There are 2 protein chains.
Amino acid sequence: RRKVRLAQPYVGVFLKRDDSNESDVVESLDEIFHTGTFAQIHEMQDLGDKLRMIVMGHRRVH
Amino acid sequence: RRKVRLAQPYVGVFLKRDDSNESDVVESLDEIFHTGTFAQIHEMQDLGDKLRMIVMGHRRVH
């Protein structure tokens, strides 16, 4: 919601490392790989759930 | 995609002169008619083709 007001609507996509742990993700940022991919946000649907975001691999980076 | 970030999304549609030439469109800007019409993009579909824009004639200008 905060990025709706932003002039540039985009989402970064990243890949987690081995031994996925939500607590670790919210605690240590080293779990996520340095490699990532920024992409533009298409549209919010939230048909069944409140988070049904769309992510595509557009601009890779490390 | 570059005008999505723009606060005001709009598009201008002009009229080409007789003897249309695709190369001349990018080579010469005088082929197109002075008269044009500016409007606002409604929404992207891109169902089958990557480019399927919807164009309206809203504000005519010369």
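Residues numbered from 1 in each chain as written, not as in the entry; some residues may be left out. Chains lettered and ligands numbered in written order. Part of a larger assembly, values for the part shown. Heavy atoms only, no water.

- Method of determination, as given in the entry header: cryo-EM; reported resolution: 8.47 Å.

**So, the overall build of chain A**
Turning to step 1, where the next piece is worked out: In terms of helices and strands, chain A carries one helix and three strands.
Turning to step 2, where the next piece is worked out: Going from N to C terminus, chain A has its helices and strands arranged as β-α-β-β.
Turning to step 3, where the next piece is worked out: Rg of the C-alpha trace for chain A: 13 Å, well past the compact-globule value of 11 Å for 62 residues, more than 25% over.
Turning to step 4, where the next piece is worked out: Here chain A holds 62 residues, and the buried ones make up 10% of them. (Helix = DSSP H or I, 4+ residues; strand = E, 2+ residues; numbered from the N terminus. Rg over C-alpha atoms; globule rule 2.2 N^0.38 Å. Buried < 20%, exposed > 50% of the residue type's maximum accessible area, 1.4 Å probe, protein only.)

**Description of the packing of aromatic side chains**
Residues and elements named next belong to chain A.
Turning to step 1, where the next piece is worked out: This model, assessed by the stated rule, comprises two aromatic pairs over all chains.
Turning to step 2, where the next piece is worked out: Taking 6.2 Å as the distance between ring centres and 90 degrees as the angle between the ring planes, the aromatic pair formed by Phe14 and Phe38 counts as edge-to-face. One end of the pair, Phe14, is in strand β1 (residues 10–16); the other, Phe38, is in strand β2 (residues 32–40), with 24 residues separating them in the sequence.
Turning to step 3, where the next piece is worked out: Among the residues examined, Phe14 registers a relative accessible area of 47% and is labelled partly exposed. (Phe/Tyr/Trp six-rings, centres within 6.5 Å; stacked < 30°, edge-to-face > 60°.)

**Details of the pattern of salt bridges**
Once the charged atoms of two side chains with opposite charge are near each other, the side chains can pair.
Residues and elements named next belong to chain A.
Turning to step 1, where the next piece is worked out: The full count for this structure, using the stated rule, is two salt bridges over all chains.
Turning to step 2, where the next piece is worked out: For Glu31, the salt bridge goes to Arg17, with nearest N and O atoms at 2.8 Å. Residue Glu31 is located in the loop between α1 (22–27) and β2, and its partner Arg17 is located in the loop between β1 and α1; the two are separated by 14 residues in the primary sequence.
Turning to step 3, where the next piece is worked out: Overall, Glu31 belongs to the buried group, its relative accessible area being 8%. (Salt bridge = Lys/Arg side-chain N within 4 Å of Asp/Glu carboxyl O.)

**Examining the sheet that holds strand β3 (residues 59–61) of chain B**
Residues and elements named next belong to chain B.
Turning to step 1, where the next piece is worked out: The strand order across the open sheet built from three strands is β1-β2-β3, with neighbouring strands paired in antiparallel fashion. Lying at the two open borders of the sheet, with one neighbouring strand each, are β1 (11–16) and β3. Across the sheet, the axes of successive neighbouring strands diverge by a mean angle of 25 degrees, strand direction being ignored.
Turning to step 2, where the next piece is worked out: Sheet analysis places β1 next to strand β2 (residues 32–39), joined by five bridges and oriented antiparallel. Residue pairing across strands places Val11 opposite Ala39, the latter belonging to β2. (Pairing = 2+ DSSP bridges. Axes fitted to C-alpha atoms, helices over the stretch in contact; angles between N-to-C directions.)

**With respect to a nonpolar patch on the surface**
Turning to step 1, where the next piece is worked out: On the surface, a nonpolar cluster with roughly 370 Å² of combined accessible area is contributed by A:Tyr10, A:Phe14, A:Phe38 and A:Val61.
Turning to step 2, where the next piece is worked out: Its relative accessible area of 31% is what places A:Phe38 among the partly exposed residues. (Patch = residues over 30% accessible without salt bridge, like charges linked within 9 Å, V, L, I, M, F, W, Y side chains within 5 Å. Areas by Shrake-Rupley, 256 points an atom, 1.4 Å probe, with all protein chains shown as cover.)

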